[PDB]
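Computed from the coordinates by the stated procedures, all read-outs in this text should not be read as laboratory data. With ideal geometry, Cβ positions are generated from the backbone for all residues, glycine too; neighbour counts draw on all protein chains shown.
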Amino acid sequence: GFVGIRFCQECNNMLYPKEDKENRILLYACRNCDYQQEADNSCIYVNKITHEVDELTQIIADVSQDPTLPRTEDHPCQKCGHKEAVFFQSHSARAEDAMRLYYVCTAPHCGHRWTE
Amino acid sequence: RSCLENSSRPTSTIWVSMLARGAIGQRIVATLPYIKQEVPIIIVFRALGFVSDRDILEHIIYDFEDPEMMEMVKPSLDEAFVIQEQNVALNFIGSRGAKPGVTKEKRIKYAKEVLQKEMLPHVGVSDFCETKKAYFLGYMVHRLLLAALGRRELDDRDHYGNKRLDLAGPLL
Amino acid sequence: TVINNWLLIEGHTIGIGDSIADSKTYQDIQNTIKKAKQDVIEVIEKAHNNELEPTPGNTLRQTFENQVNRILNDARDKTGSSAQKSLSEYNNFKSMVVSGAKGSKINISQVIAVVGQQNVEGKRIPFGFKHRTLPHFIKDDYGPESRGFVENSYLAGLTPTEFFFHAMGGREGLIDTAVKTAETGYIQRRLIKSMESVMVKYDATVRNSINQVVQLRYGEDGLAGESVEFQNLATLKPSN
Amino acid sequence: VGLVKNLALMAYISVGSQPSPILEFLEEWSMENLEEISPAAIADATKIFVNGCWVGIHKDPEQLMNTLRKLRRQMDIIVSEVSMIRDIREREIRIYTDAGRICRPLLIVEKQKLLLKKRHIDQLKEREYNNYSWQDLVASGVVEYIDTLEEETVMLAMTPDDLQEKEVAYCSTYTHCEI
Amino acid sequence: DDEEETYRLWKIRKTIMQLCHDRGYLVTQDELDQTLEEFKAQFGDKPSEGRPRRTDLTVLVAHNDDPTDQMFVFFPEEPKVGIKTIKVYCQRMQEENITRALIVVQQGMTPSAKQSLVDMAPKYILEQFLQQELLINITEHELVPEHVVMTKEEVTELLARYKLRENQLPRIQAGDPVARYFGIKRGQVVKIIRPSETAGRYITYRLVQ
Amino acid sequence: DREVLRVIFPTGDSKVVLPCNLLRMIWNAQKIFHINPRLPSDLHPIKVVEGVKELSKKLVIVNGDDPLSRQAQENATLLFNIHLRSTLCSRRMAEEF
Amino acid sequence: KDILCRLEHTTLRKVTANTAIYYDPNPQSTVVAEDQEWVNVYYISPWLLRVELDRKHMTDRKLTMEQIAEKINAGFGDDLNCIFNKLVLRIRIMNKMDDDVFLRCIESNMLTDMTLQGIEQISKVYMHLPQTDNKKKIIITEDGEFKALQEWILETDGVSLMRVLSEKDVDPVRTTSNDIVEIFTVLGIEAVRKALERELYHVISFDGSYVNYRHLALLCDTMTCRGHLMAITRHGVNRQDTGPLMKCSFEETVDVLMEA
Ligand SMILES: [Zn+2]
Ligand SMILES: [Zn+2]
């Protein structure tokens, strides 16, 4: 997937990846403490190029009460069956790549985000 | 562009920029008033009092569950590795000021005055305002990260809600 | 003198009656605009439902804008030609257009049929608000009304959004006039000073002030530009 | 050309107001200040900016926006030239009270109907016999001033013609109408 | 690859043959128009192990006016030609009593090497050509008109007819790629014949500066 | 002259800019002398050939008799002489004009 | 399209879709475990650089895995070790400046700087059959008629005229540029005079207007009179052999008179 950040426990700085020459394992090392923790996921770096199309997580559920957004009745919510949804487009660097319509259910306390 | 909204000193703009790619990452720096050189942003956060990286990234990144925004702040943490204490960061600020006095404590006091009265004065100029200044500076960094991630659209110079009009009152 | 004194007999006007088409032409114009707006809605529904595939060389945005602009330009051209066919031989707009004296056919089309698409820096009207051209439209509206296609003629008059979009389009010509007068004059002055002393000498060479030969004959033929004319070579084109 | 502009007829440039009543009302309306929160609470809460100063966070921005709009539409704590902008997508409520904001009056639409009625018109027909004026129409919560940042979150009808139901409806969520 | 280097060697050799023919050296018609396959059969397919050797491709042409005026074409192996291999080439020109040579280099020449080409210019005229410049004939481009280098008698008759001085003619740099192609020095004049859409033909004369 | 034209104008565009509008001048000659185009002409073709030759001898842009000047003269009036021989062709002066 | 792939600059970043620096000390039991079978088919530093390529970008650029691998091998001089067989490369290092950070540095300076194919300065190539007959190929038929036969032409977004003209199956006769300085340094001063005439004619006559040829010819002859490109500026006009009084009347009056 993609690598997060780890934080030291004592000094609460970021943990750098360090390789030990004895066991030859991966360990995340604080570079201000003597703290070291053993790695759990051995991926140090990930760079995405084309696999970041998914804006469905970036959408929040609060946007359904935007009065300036279009509303539709043709696409019902798959979660709660509500007839009415707010649709809009991608608002990002990859907005030039599509008019993929993202739909948000307008029912209060549902907030289901879907596409097509 | 920060103005005190009642006292109306000369409006002290602060820039928080990212360097272009053309270095092992893309790096966030600050352009403070009365500091003729740039400062990397994590040194400014350590000069404001927060020494740990978790505290600084709590002031910048509000949800730790998106690591894409973590990947962009790591170089700024990397070149502020050598700076781990508040007075060390304040010396870093003061050694780039308008007239850096050779006394170390003079540099410390000058940097404290710059980051209190001349950096983000609309947030506050009194004492005990470093948490609010850090929260707003982290907000500026967070907005810069969002615009660089494509997650927020860039601002328009000529959008007219971004403008204000000086009538006879403010001019006089 | 002769033509101006005959115009006292004949006369020449332009009225509000010359800008008016018959009801058949108005119905044809409205049908063309309606069908074109429906084509733009169909292209929008194709782009929403991922059916729109890009043409080679362009992404989905230049191809969507190209398709919508092609539909709307074909609308404006077709309905302008429909307006111009309605014009009688008594029409005064047509009198000044087909004589070349003043105005063109796009002026007749805009006055009678449709003003057309308003353009700011080449594209359609930009999303100056957050994803809206004006706060009277919904967000992410790419239809013709939303992005500056004026649906009415100057005779019928513009809707308030069309009025503002037309003012945005017309501001471009004013800005372009000012900046082009600023820059072209400097270009002209630099052109003059680089060649002000170049002249045809009495040995028919073209020299500068240094007496350096620029051309051995003026224009490579030795002729002046006033007396020459467009002619056709007879033997170049036909087959053996 | 384009660098020298003129006001439209109903355009009003705001004079400025002290943000202190806004701040006191926000403090007494379940807003958590910045200095007394854990930073973990910011992620799913609405940041509140007053005159460009981040002053705290709120957990319920929808009812807060309704409350601020009510208070401005009856002018209790919030004067009529204060602009409340809720940017929903990025979870920020921006309140501006400072001078120089250019704002225009718009009629208020609630549930596809104008709040301007025939009683308002019949009572404005008698401005000298009645002492009913524009300020009583602002205080009625019927018209309100919308600056340019707030205009970017409103949905305007050009005319009340836009509010009657069409066979295919463009927008049923108009919030304001052009005068 | 060894297909994209046999092609390069054949192309630069064909351009060298055309350059030598345009400069008046006796190049036969068969080697002006040799097919790549004839180049394969004459030299070989694998320049990596060296079936065509770069020192095997050396050309010796002689002028049409006199066989004494001979001109080498040298293809050094090293990408950056230094002083020592220029001295090897100059020693070969000493022993063969030959005044002119082209050094078709691959990547370039060191600044002292270009300086050394300049210094020898009284005794031996040595010319640098990158092999990038000889992958095409620039004189066969449609923008490049026909250049004819005139003899001194033709230049004298030119300046006598138009009552001219050399500094009053138009100029062409000695480092102009057509000027480098024709191997012309400062003080020579090229006759440039170009078609004209107003006149049909126009002959321009350019003094080399 | 045709092959030279093919070299000069390789796109096949015949529209040139030249001094004397020869076709209009032939039309002027037809109207001045009331040339009936339904009758046989009294113009010998060799008169046309010699007249075009001696006309080309006096359309002089470069003045001189040495080979440099006469070559520059042949160059400076190349298209006009090609056009003049094409237009005042002995066949066109008898069949057409 | 073969030529268009030979011309357009394609770095590694153009074809990659994903990259990651895992830690794997034993390739015999790799960590990602979907690369395990073909690494065992294939069978060091523990730091593994893994890139993942896009299928489509490999296809329409006509590239293959061994091509990219040999590009990296030739570029880096076997300082690394590329293993290929999903399109996955597994770059390692054989035999202070630690190899994880150095591997990130190699990844960053390999994504944007290494050239898989194409000329470095050409950003984008467009191929299109022309409509205007100035770019249609014109021949002379067996009848002697002019026939405009329509052929594919490429138009780039950047100039390297030396490298383009040198290519196989590129016309070295008709291929041109709109960069005036590029034509001057590649082809010469008479060629840049003709190219300058063509470019000025295109600018003038795109509007539909017409300027007589002798005025264009005089401007181009003035710009290219002295063997180099004389700009219509103070840097070309005020550097001539004209007098100080002529130069000071144009621009830089006091500087010209001081120098005189
Ligand atoms: Zn630690
Ligand atoms: Zn739902």
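Points worth noting:
- Pairs where the first residue, in segment B:38-62, is away from chain D (no Cβ under 13 Å) and the second is of a type in the set (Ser, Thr, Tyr), C-beta under 7 Å, 6+ apart: B:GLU38/B:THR31; B:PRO40/B:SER76; B:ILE41/B:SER76; B:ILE42/B:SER76
- Checking C:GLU53 against (1) closer than 28 Å to C:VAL115 by Cβ; (2) within 14 Å of chain A (Cβ to nearest Cβ); (3) in contact with a helix residue (DSSP H, G or I) (Cβ under 9 Å, 6 or more places away or on another chain), the condition it does not meet: (1)
- Members of segment C:157-183 found to be facing chain D (nearest Cβ under 10 Å) and closer than 20 Å to D:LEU156 by Cα, listed by number: C:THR159, C:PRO160, C:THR161
- Residue ranges of strands (runs of 3 or more DSSP E) in segment A:1-88 with at least 2 members within 16 Å of ligand 2 (Cβ to nearest atom): A:85-88
- Looking only at segment C:194-219, and only at residues there that are over 44 Å from the mean Cα position of the chain (by Cα) and closer than 20 Å to G:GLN240 by Cα, the one that is surrounded by the fewest Cβ atoms within 10 Å (Cβ to Cβ): C:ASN211
- Filter result (of a type outside the set (D, E, K, R) and surrounded by fewer than 20 Cβ atoms within 10 Å (Cβ to Cβ)) within segment D:69-79: D:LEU71, D:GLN74, D:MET75, D:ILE77, D:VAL79
- A:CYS43 vs. criteria buried (at least 18 other Cβ atoms within 10 Å of the Cβ), within 16 Å of ligand 1 (Cβ to nearest atom) and not aliphatic (A, V, I, L, M): no
- In segment A:89-116, of all residues being closer than 21 Å to A:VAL53 by Cβ and part of a strand (DSSP E or B), the one that is farthest from ligand 1 (Cβ to nearest atom) corresponds to A:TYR103.
- Scanning segment E:143-166 turns up at least one residue that is in a loop (DSSP other than H, G, I, E, B), within 18 Å of G:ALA195 (Cβ to Cβ), more than 14 Å from chain F (Cβ to nearest Cβ) and of a type outside the set (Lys, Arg).
- Of all residues in segment E:190-209 being more than 13 Å from chain F (Cβ to nearest Cβ) and among the β-branched types (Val, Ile, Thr), the one that is farthest from E:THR139 (Cα to Cα): E:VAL208
- Residue check, B:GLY101 part of a loop (DSSP other than H, G, I, E, B) and within 14 Å of another protein chain (Cβ to nearest Cβ): no
- Annotation: of all residues in segment A:1-29 being away from ligand 1 (no atom under 16 Å from the Cβ) and more than 10 Å from chain B (Cβ to nearest Cβ), the one that is surrounded by the most Cβ atoms within 10 Å (Cβ to Cβ) is A:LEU26.
- Across segment C:208-240, the number of residues qualifying as aromatic (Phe, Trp, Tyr) and part of a strand (DSSP E or B) comes to 1.
- Count of segment A:89-116 residues which are more than 14 Å from chain B (Cβ to nearest Cβ) and either more than 11 Å from ligand 2 (Cβ to nearest atom) or under 26 Å from C:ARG61 (Cβ atoms) (or both): 10
- Every pair of residues 6+ apart whose Cβ atoms lie under 6 Å, when the first sits in segment A:74-94 and is more than 30 Å from B:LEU154 (Cα to Cα) while the second is within 16 Å of ligand 2 (Cβ to nearest atom) and polar (S, T, N, Q): A:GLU84/A:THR106
- Filter pass, A:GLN65 being of a type in the set (S, T, N, Q), away from ligand 1 (no atom under 16 Å from the Cβ) and surrounded by 17 or more Cβ atoms within 10 Å (Cβ to Cβ): yes
- Looking at segment G:89-193, the strands (runs of 3 or more DSSP E) lying wholly inside it that each contain 3 or more residues that are away from chain F (no Cβ under 14 Å) and exposed (fewer than 15 other Cβ atoms within 10 Å of the Cβ) sit at G:126-128.
- Counting only helices (runs of 4 or more DSSP H) that sit wholly inside chain F, those with at least 2 residues that are polar (S, T, N, Q) and within 13 Å of another protein chain (Cβ to nearest Cβ) are F:67-76, F:78-87.
- Test for D:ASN66: is it under 24 Å from D:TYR145 (Cβ atoms) and surrounded by fewer than 19 Cβ atoms within 10 Å (Cβ to Cβ): yes
- Search result, residues across segment C:223-235 that are under 28 Å from F:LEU68 (Cα atoms) and within 10 Å of chain G (Cβ to nearest Cβ): C:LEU223, C:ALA224, C:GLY225, C:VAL228
- Selection count, segment B:136-172, where residues are surrounded by 12 or more Cβ atoms within 10 Å (Cβ to Cβ), of a type in the set (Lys, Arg) and within 24 Å of D:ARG101 (Cβ to Cβ): 4
- Selection count, segment D:113-133, where residues are of a type in the set (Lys, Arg) and either touching a strand residue (DSSP E or B) at 6+ places or on another chain (Cβ under 6 Å) or not in a loop (DSSP other than H, G, I, E, B) (or both): 3
- Of everything listed in (1) hydrophobic (A, V, I, L, M, F, W, C); (2) farther than 12 Å from F:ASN81 by Cβ; (3) surrounded by 13 or more Cβ atoms within 10 Å (Cβ to Cβ), the single unmet condition for F:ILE46 is (3).
- Residues in segment G:140-167 that are more than 16 Å from the chain's Cα centre (by Cα) and of a type in the set (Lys, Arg): G:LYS147 alone.
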